[PDB]
Structure formats: structure tokens, C-alpha cells
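Read the structure below first, then the notes.
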Amino acid sequence: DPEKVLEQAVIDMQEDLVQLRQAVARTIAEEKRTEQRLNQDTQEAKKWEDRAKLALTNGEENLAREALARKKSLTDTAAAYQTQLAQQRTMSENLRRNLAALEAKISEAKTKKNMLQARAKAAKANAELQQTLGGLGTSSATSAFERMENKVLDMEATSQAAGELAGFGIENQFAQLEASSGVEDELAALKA
Amino acid sequence: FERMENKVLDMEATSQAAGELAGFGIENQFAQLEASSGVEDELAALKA
């Protein structure tokens, strides 16, 4: 059934955009976390170089080169974290583009299905006009007027029976009425 | 969306059935309407 499916697909899209928002936020944490490290880390290199300068000021070359080893170790770690940062920023723009595209895709998928549904529903409504007009009144109502007309024609058949009866051999009874009508006309001839 | 469009196309198939039905031999019933339309136009010719 259509409406169920089309709305369900749209429902799914609402989950998806939230999931990718989480992943974006997660990536923001990765950048924040690496910034926090790299910023401090690069200062730590300085701090141990400063500790080396204390040995320069006077005293222990052993401490001084030991402190270089700290500085080096930190420097190396910062290069690793700089590399990690490139992976974060690349993955971030990957999510960003994926999302922006997905959002447009979702948006139009929903909107097209809705306006399609609307025009499909409107189209079948127009077709249902033509169908209901095709539900013409040219019907068995004619047969009902006909049924009772078949009895009208039975009264006409009763009128054939009335005419079929109507001759009786008693028509001669009119004759003296006509003769006496002549008599009253002779009374008119008497009047003038 | 396709499933419900397959039913849209079934309503279009119902429209092939409506057209496949649509000719009836009763079209001649229009003719006196047209003639009487001409009559009311002759009443316009009477008006001027």
C-alpha cells in the first residue's frame, strides 16, 4: 500500500540525518582533542629545551642531551598527531559533503513523493468524476416506469376487451329517441 | 511509490476501458441542439 511506504521512507531519512549529525559532532571532538594535545605538546618540547638551557647555564651536559631526548620525543609525537589531524580534517569534509548531499537528496525525495502523491490522488479524483458520470441515470428506472406502463397497456388491453364487448344489438333503442327528437322539431315548426 | 503508481497506471487502464466504452452511436443526439443553436442565431439576425 502506497502511503505507508512513502511516509516510511521519509521517516527513515529523519533518522539518518541525526546519525550523520552525531558523526559530525564526533569529528568535532576529534579535532578538538587533537588541538588540545598538539598545542600543549609543542610547548612541552620548549619546556624540556628550557630544562636543557639550565644545564647550559652551568653543569650537566648529560642532563642537557637527556633534555634533548625529551624534546625530540615530543617533536616526533607532534608530527604523528599532525598526521592524525590531516585524517580528521579529510574525514570531516567527507562527512560534511556526504551530509549536505544527503540532505538535499532527502529533501527532494520527500517533496517529490508528496507532490506526486497529491497529483496522483487528484488525478484519480478526476477519473472518479468520469467513472461516477459513467454511473449514468440511463438505468432500470426506465424499467420501473416501463413496468407500470406495461400495466397501462394492460388497461389498453382491457379497453380492447371493452370494445370487443361493446357491440350488443340494442343500438336500435336509439331510433325512437331520434324520431321523438324530430317530433320536438315539429313542435318548433308549430311555434313558427 | 512505484506500487501505488502501478495502480495509477491501472486507473489509466480504467481510462482505456472508459474510452473503449465511450463510443455509443447516440452522438446524433447533438445535431438538433446545433440546429436550434442556429435558430437562436436567426433570432440574433432578427434583433439586427
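All residue names refer to the C-alpha cells as shown: chains lettered A, B, ... in order, residues numbered from 1 in each chain, ligands numbered from 1 in order.
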Task: Distance-based interface of chain A with chain B, 12 Å, counting only C-alpha atoms, as a PyMOL selection string - done: chain A and resi 1-10+109-110+112-117+119-135
TODO: List every residue of chain B that DSSP, applied to the backbone of this structure, places in alpha helix (DSSP H), and write the result as an NGL selection string.
DONE: :B and (2-22 or 30-47)
Selection to disk with C-alpha atoms, as a PDB file, in the first residue's frame:
ATOM      1  CA  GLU B   2       6.039   2.604  -7.939  1.00  0.00           C
ATOM      2  CA  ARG B   3       3.469   0.163  -6.372  1.00  0.00           C
ATOM      3  CA  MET B   4       0.934   2.951  -5.990  1.00  0.00           C
ATOM      4  CA  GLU B   5       1.916   4.303  -9.460  1.00  0.00           C
ATOM      5  CA  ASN B   6       1.179   0.791 -10.842  1.00  0.00           C
ATOM      6  CA  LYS B   7      -2.356   1.458  -9.547  1.00  0.00           C
ATOM      7  CA  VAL B   8      -2.225   4.973 -11.155  1.00  0.00           C
ATOM      8  CA  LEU B   9      -1.487   3.174 -14.414  1.00  0.00           C
ATOM      9  CA  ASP B  10      -4.397   0.817 -13.578  1.00  0.00           C
ATOM     10  CA  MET B  11      -6.617   3.949 -13.417  1.00  0.00           C
ATOM     11  CA  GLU B  12      -5.144   4.907 -16.785  1.00  0.00           C
ATOM     12  CA  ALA B  13      -6.052   1.335 -17.899  1.00  0.00           C
ATOM     13  CA  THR B  14      -9.545   2.079 -16.486  1.00  0.00           C
ATOM     14  CA  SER B  15      -9.407   5.203 -18.713  1.00  0.00           C
ATOM     15  CA  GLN B  16      -8.570   2.945 -21.762  1.00  0.00           C
ATOM     16  CA  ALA B  17     -11.679   0.960 -20.651  1.00  0.00           C
ATOM     17  CA  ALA B  18     -13.653   4.264 -20.356  1.00  0.00           C
ATOM     18  CA  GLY B  19     -12.555   5.291 -23.902  1.00  0.00           C
ATOM     19  CA  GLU B  20     -13.037   1.653 -25.169  1.00  0.00           C
ATOM     20  CA  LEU B  21     -16.649   2.043 -23.871  1.00  0.00           C
ATOM     21  CA  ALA B  22     -17.017   5.749 -24.843  1.00  0.00           C
ATOM     22  CA  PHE B  30     -26.249  16.573 -30.527  1.00  0.00           C
ATOM     23  CA  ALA B  31     -27.496  17.554 -34.004  1.00  0.00           C
ATOM     24  CA  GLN B  32     -30.818  19.324 -33.141  1.00  0.00           C
ATOM     25  CA  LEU B  33     -29.006  21.147 -30.321  1.00  0.00           C
ATOM     26  CA  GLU B  34     -26.714  22.540 -33.043  1.00  0.00           C
ATOM     27  CA  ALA B  35     -29.660  23.297 -35.353  1.00  0.00           C
ATOM     28  CA  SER B  36     -31.558  25.083 -32.553  1.00  0.00           C
ATOM     29  CA  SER B  37     -28.307  26.978 -31.772  1.00  0.00           C
ATOM     30  CA  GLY B  38     -28.590  28.171 -35.390  1.00  0.00           C
ATOM     31  CA  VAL B  39     -32.249  29.099 -34.647  1.00  0.00           C
ATOM     32  CA  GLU B  40     -31.218  31.326 -31.697  1.00  0.00           C
ATOM     33  CA  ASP B  41     -28.603  32.859 -34.086  1.00  0.00           C
ATOM     34  CA  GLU B  42     -31.502  33.586 -36.505  1.00  0.00           C
ATOM     35  CA  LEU B  43     -33.181  35.318 -33.542  1.00  0.00           C
ATOM     36  CA  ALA B  44     -29.928  37.365 -33.335  1.00  0.00           C
ATOM     37  CA  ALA B  45     -30.381  38.134 -37.070  1.00  0.00           C
ATOM     38  CA  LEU B  46     -33.964  39.246 -36.205  1.00  0.00           C
ATOM     39  CA  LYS B  47     -32.576  41.502 -33.389  1.00  0.00           C
TER      40      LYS B  47
END
Excluding residue 49 (chain A) and residues on its chain fewer than 6 positions from it, collect all residues at most 8 Å away from it, counting only C-alpha atoms, and give them as an mmCIF file with N, CA, C and O atoms, in the first residue's frame.
data_model
loop_
_atom_site.group_PDB
_atom_site.id
_atom_site.type_symbol
_atom_site.label_atom_id
_atom_site.label_comp_id
_atom_site.auth_asym_id
_atom_site.auth_seq_id
_atom_site.Cartn_x
_atom_site.Cartn_y
_atom_site.Cartn_z
ATOM 1 N N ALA A 67 67.661 16.097 28.079
ATOM 2 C CA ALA A 67 66.582 17.012 27.794
ATOM 3 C C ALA A 67 66.352 17.147 26.284
ATOM 4 O O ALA A 67 65.198 17.150 25.852
ATOM 5 N N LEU A 68 67.402 17.111 25.450
ATOM 6 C CA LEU A 68 67.206 16.980 24.001
ATOM 7 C C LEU A 68 66.399 15.738 23.675
ATOM 8 O O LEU A 68 65.519 15.798 22.827
ATOM 9 N N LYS A 71 62.798 16.547 24.197
ATOM 10 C CA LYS A 71 62.412 17.477 23.128
ATOM 11 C C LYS A 71 62.162 16.724 21.832
ATOM 12 O O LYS A 71 61.116 16.882 21.203
#
Open item on the list: Set the distance at 8 Å and use only C-alpha atoms: which residues neighbour region 72-89 of chain A once local chain neighbours fewer than 3 positions away are removed? I'd like the list as number ranges by chain.
Closed with: A: 27, 30-31, 34, 38, 41-42, 44-45, 68-69, 92-93
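Interatomic distance, CA of residue 19 (chain A) against CA of residue 99 (chain A): 10.0 Å.
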